[PDB]
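One file, model_39.tsv, carrying TSV, C-alpha atoms (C1' of nucleotides):
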```tsv
chain	number	residue	atom	x	y	z
T	633	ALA	CA	-9.06	9.45	-22.12
T	634	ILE	CA	-10.64	6.59	-24.22
T	635	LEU	CA	-11.71	3.04	-23.12
T	636	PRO	CA	-12.86	0.82	-26.07
T	637	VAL	CA	-14.66	-2.53	-25.30
T	638	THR	CA	-13.50	-5.99	-26.56
T	639	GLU	CA	-15.59	-9.21	-26.34
T	640	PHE	CA	-12.72	-11.68	-26.80
T	641	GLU	CA	-9.33	-11.20	-28.44
T	642	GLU	CA	-8.78	-13.06	-31.71
T	643	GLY	CA	-6.02	-13.94	-34.14
T	644	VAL	CA	-5.73	-11.28	-36.85
T	645	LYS	CA	-7.84	-8.53	-35.25
T	646	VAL	CA	-5.92	-5.28	-35.77
T	647	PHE	CA	-6.36	-2.52	-33.20
T	648	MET	CA	-6.87	1.07	-34.50
T	649	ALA	CA	-5.90	4.20	-32.46
T	650	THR	CA	-6.40	7.92	-33.33
T	651	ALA	CA	-5.25	11.06	-31.39
T	652	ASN	CA	-6.76	14.53	-31.12
T	653	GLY	CA	-3.87	16.15	-33.01
T	654	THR	CA	-4.87	14.44	-36.29
T	655	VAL	CA	-2.37	11.57	-36.05
T	656	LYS	CA	-3.29	7.88	-36.22
T	657	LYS	CA	-1.64	4.45	-35.71
T	658	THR	CA	-2.81	0.86	-36.17
T	659	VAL	CA	-1.63	-1.89	-33.81
T	660	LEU	CA	-2.11	-5.65	-33.55
T	661	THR	CA	-4.46	-6.76	-30.77
T	662	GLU	CA	-2.34	-9.83	-29.97
T	663	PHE	CA	0.15	-7.55	-28.15
T	664	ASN	CA	-2.64	-6.72	-25.63
T	665	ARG	CA	-3.63	-10.24	-24.61
T	666	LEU	CA	-2.76	-10.21	-20.88
T	667	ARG	CA	-1.40	-7.05	-19.27
T	668	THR	CA	-1.85	-7.83	-15.54
T	669	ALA	CA	-1.97	-4.20	-14.39
T	670	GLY	CA	0.82	-3.53	-16.88
T	671	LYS	CA	1.37	0.09	-17.88
T	672	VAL	CA	2.48	-0.73	-21.42
T	673	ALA	CA	2.88	2.32	-23.64
T	674	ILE	CA	1.29	2.58	-27.10
T	675	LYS	CA	2.33	5.97	-28.56
T	676	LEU	CA	4.91	8.67	-28.00
T	677	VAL	CA	2.17	11.29	-27.85
T	678	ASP	CA	3.90	14.55	-28.79
T	679	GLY	CA	2.81	17.63	-26.89
T	680	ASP	CA	-0.63	17.71	-25.28
T	681	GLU	CA	-2.68	15.17	-27.26
L	1	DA	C1'	9.84	4.12	71.19
L	2	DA	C1'	5.11	4.47	67.94
L	3	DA	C1'	3.01	3.19	63.21
L	4	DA	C1'	3.04	0.40	58.92
L	5	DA	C1'	3.92	-3.44	55.89
L	6	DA	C1'	6.08	-8.42	54.52
L	7	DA	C1'	6.42	-13.08	55.41
L	8	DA	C1'	5.30	-17.69	57.22
L	9	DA	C1'	2.46	-21.35	59.18
L	10	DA	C1'	-2.57	-24.79	56.90
L	11	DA	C1'	-7.12	-25.79	54.85
L	12	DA	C1'	-9.98	-23.32	51.10
L	13	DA	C1'	-11.31	-20.62	46.16
L	14	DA	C1'	-9.51	-20.20	41.16
L	15	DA	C1'	-6.08	-20.36	37.23
L	16	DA	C1'	-1.41	-20.83	33.70
L	17	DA	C1'	2.78	-23.19	30.51
L	18	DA	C1'	7.03	-25.92	27.89
L	19	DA	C1'	8.14	-30.18	24.93
L	20	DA	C1'	7.50	-35.22	21.62
L	21	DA	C1'	5.44	-37.74	17.74
L	22	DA	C1'	3.17	-37.41	11.84
L	23	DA	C1'	0.50	-35.00	8.12
L	24	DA	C1'	-1.80	-31.39	6.26
L	25	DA	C1'	-2.42	-26.47	5.50
L	26	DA	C1'	-1.06	-21.55	5.40
L	27	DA	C1'	2.57	-17.41	5.50
L	28	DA	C1'	6.67	-15.66	4.01
L	29	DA	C1'	10.83	-15.33	2.00
L	30	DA	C1'	13.96	-16.64	-1.85
L	31	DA	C1'	15.90	-18.10	-7.51
L	32	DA	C1'	14.50	-17.68	-11.93
L	33	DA	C1'	11.52	-17.36	-16.44
L	34	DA	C1'	9.42	-13.75	-18.67
L	35	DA	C1'	8.21	-9.58	-20.52
L	36	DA	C1'	8.41	-3.76	-20.32
L	37	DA	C1'	11.69	-0.32	-20.80
L	38	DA	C1'	15.82	1.98	-22.39
L	39	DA	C1'	20.48	2.92	-25.27
L	40	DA	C1'	22.56	2.69	-29.56
L	41	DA	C1'	23.23	1.02	-34.91
L	42	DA	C1'	21.01	1.01	-39.90
L	43	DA	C1'	17.42	1.67	-42.42
L	44	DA	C1'	12.67	3.35	-45.42
L	45	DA	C1'	7.43	5.59	-45.55
L	46	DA	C1'	6.01	10.45	-45.29
L	47	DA	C1'	6.26	15.42	-46.17
L	48	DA	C1'	7.79	18.20	-49.35
L	49	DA	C1'	7.35	19.95	-53.80
L	50	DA	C1'	5.29	20.94	-58.22
L	51	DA	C1'	2.09	20.83	-62.02
L	52	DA	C1'	-2.33	19.63	-63.28
L	53	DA	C1'	-7.20	18.97	-62.60
L	54	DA	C1'	-12.57	18.65	-61.86
L	55	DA	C1'	-16.56	18.05	-57.46
L	56	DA	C1'	-19.27	20.53	-54.34
L	57	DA	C1'	-20.63	25.37	-52.24
L	58	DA	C1'	-23.34	29.48	-54.56
L	59	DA	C1'	-27.45	30.95	-56.64
L	60	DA	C1'	-32.79	30.86	-58.47
L	61	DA	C1'	-37.13	29.05	-56.12
L	62	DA	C1'	-41.04	25.64	-54.84
L	63	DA	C1'	-42.85	22.84	-50.91
L	64	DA	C1'	-43.04	19.81	-47.28
L	65	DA	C1'	-41.44	18.52	-42.76
L	66	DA	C1'	-41.32	21.46	-39.22
L	67	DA	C1'	-41.05	24.28	-33.96
L	68	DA	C1'	-44.21	27.56	-31.59
L	69	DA	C1'	-49.04	27.90	-29.75
L	70	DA	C1'	-52.97	25.69	-27.38
L	71	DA	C1'	-54.73	22.16	-24.43
L	72	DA	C1'	-55.08	18.05	-21.34
L	73	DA	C1'	-53.04	15.17	-18.28
L	74	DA	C1'	-48.93	12.11	-15.89
L	75	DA	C1'	-45.90	12.28	-12.60
L	76	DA	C1'	-39.59	12.80	-12.71
L	77	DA	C1'	-36.89	15.67	-9.79
L	78	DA	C1'	-35.77	18.98	-5.79
L	79	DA	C1'	-35.39	20.29	-1.11
L	80	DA	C1'	-36.16	18.96	3.75
L	81	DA	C1'	-35.95	15.35	7.53
L	82	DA	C1'	-33.16	11.23	9.06
L	83	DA	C1'	-29.64	7.46	8.97
L	84	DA	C1'	-24.79	5.13	7.47
L	85	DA	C1'	-19.67	5.03	5.22
L	86	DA	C1'	-15.42	6.56	5.04
L	87	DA	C1'	-11.39	9.80	5.68
L	88	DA	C1'	-7.81	13.89	8.32
L	89	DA	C1'	-6.72	15.70	13.14
L	90	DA	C1'	-4.77	14.99	17.16
L	91	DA	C1'	-2.80	12.36	20.80
L	92	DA	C1'	-0.44	8.13	22.48
L	93	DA	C1'	3.23	4.56	22.53
L	94	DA	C1'	7.48	0.50	22.61
L	95	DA	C1'	11.91	0.01	21.30
L	96	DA	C1'	16.05	2.42	21.89
L	97	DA	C1'	20.19	5.53	22.73
L	98	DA	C1'	21.88	7.60	27.06
L	99	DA	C1'	23.23	7.48	31.89
L	100	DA	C1'	24.38	5.41	36.60
L	101	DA	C1'	25.26	1.37	40.14
L	102	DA	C1'	26.99	-3.37	41.22
L	103	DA	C1'	29.99	-8.05	40.06
L	104	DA	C1'	34.62	-10.10	38.72
L	105	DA	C1'	39.69	-9.73	38.01
L	106	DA	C1'	43.69	-7.69	39.69
L	107	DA	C1'	48.04	-7.81	41.86
L	108	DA	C1'	51.19	-4.93	46.70
L	109	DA	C1'	52.09	-6.40	50.75
L	110	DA	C1'	51.52	-8.74	55.40
L	111	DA	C1'	49.34	-12.20	59.24
L	112	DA	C1'	49.16	-16.51	60.21
L	113	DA	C1'	50.49	-20.93	59.32
L	114	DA	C1'	53.44	-25.09	57.91
L	115	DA	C1'	57.81	-27.08	57.47
L	116	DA	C1'	62.64	-27.94	58.22
L	117	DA	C1'	68.03	-26.65	59.58
L	118	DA	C1'	71.70	-26.78	63.13
```
Would you mind writing the file's structure down as structure tokens?
Amino acid sequence: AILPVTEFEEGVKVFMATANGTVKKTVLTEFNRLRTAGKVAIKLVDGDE
DNA sequence: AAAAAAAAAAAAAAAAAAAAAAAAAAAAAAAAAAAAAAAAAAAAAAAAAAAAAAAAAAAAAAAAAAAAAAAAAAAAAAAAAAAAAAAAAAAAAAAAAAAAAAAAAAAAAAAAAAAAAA
């Protein structure tokens, strides 16, 4: 659905996500440092959003 | 009894394979850190709810950037020819369960033999 771009991850950079159903959440980028094809979830998107 | 094929003699042509010994790399299979994910507790920011409020869409109307018309000119994209990449359709296959034929153990009983008694 959405692919943002990141130059290099940093210390206190806070990641901001926002769904089509008018619901938003803010997450810390340090929990996305090295996934390795890892299907880590971010939100419990309710319904079709 | 006729036909056909194997095998063996001896000088010629031409091939193939198993291990030892050390040191390095490359596959390939395991424990074991390490982090997602999930179940089950308490816990706490958000919607609700209500009263109270004032900031931006309406409305008048000028005017100033505009989208259609006209013209000239540049040349992107579309369809027709060929030439490569990459994936389903269909057919084939090597182990693999099923069946059938030959080797080893079995005793019942007797022929021939060896041995000895009176």
**Prompt:** Of the candidates L:95, L:105, L:57, L:36, which shows the shortest atom-to-atom distance to chain T, using all atoms listed in the file?
**Reply:** L:36
**Request:** Do a neighbour search on residue T:644 at 12 Å with only C-alpha atoms (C1' of nucleotides), toss out local chain neighbours closer than 3 positions, and write the hits as a ChimeraX atom specification.
**Result:** /T:641,647,659-663
Preceding selection exported with C-alpha atoms as a short mmCIF file (atom, residue, chain, number, x, y, z; two decimals), in the frame of the given file:
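Dumped to part.cif:
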```cif
data_model
loop_
_atom_site.label_atom_id
_atom_site.label_comp_id
_atom_site.auth_asym_id
_atom_site.auth_seq_id
_atom_site.Cartn_x
_atom_site.Cartn_y
_atom_site.Cartn_z
CA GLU T 641 -9.33 -11.20 -28.44
CA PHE T 647 -6.36 -2.52 -33.20
CA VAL T 659 -1.63 -1.89 -33.81
CA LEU T 660 -2.11 -5.65 -33.55
CA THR T 661 -4.46 -6.76 -30.77
CA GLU T 662 -2.34 -9.83 -29.97
CA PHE T 663 0.15 -7.55 -28.15
#
```
Compile a residue-level contact table for chain T against chain L at a cut-off of 9 Å, reporting for every qualifying residue the shortest atom pair and its distance in Å to one decimal, with only C-alpha atoms (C1' of nucleotides) counted, rows ordered by chain and ascending number, as CSV.
```
residue,atom,partner,partner_atom,distance
T:670,CA,L:36,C1',8.3
T:671,CA,L:36,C1',8.4
T:672,CA,L:36,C1',6.7
T:673,CA,L:36,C1',8.9
```
**Asked** Leaving out residue T:658 and any residue of its chain fewer than 6 positions from it, which residues lie within 10 Å of it when counting only C-alpha atoms (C1' of nucleotides), given as a ChimeraX atom specification?
**Response** /T:646-650
Write out the residues from the selection above, keeping C-alpha atoms, as a PDB file, in the frame of the given file.
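Below you can see part-v5.pdb, which holds the result:
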```
ATOM      1  CA  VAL T 646      -5.920  -5.280 -35.770  1.00  0.00           C
ATOM      2  CA  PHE T 647      -6.360  -2.520 -33.200  1.00  0.00           C
ATOM      3  CA  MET T 648      -6.870   1.070 -34.500  1.00  0.00           C
ATOM      4  CA  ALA T 649      -5.900   4.200 -32.460  1.00  0.00           C
ATOM      5  CA  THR T 650      -6.400   7.920 -33.330  1.00  0.00           C
TER       6      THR T 650
END
```
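Here atom CA of residue T:652 is placed at a distance of 12.7 Å from atom CA of residue T:675.
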**Prompt:** To one decimal place, how far is atom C1' of residue L:53 from atom CA of residue T:655 in Å?
**Reply:** 28.0 Å
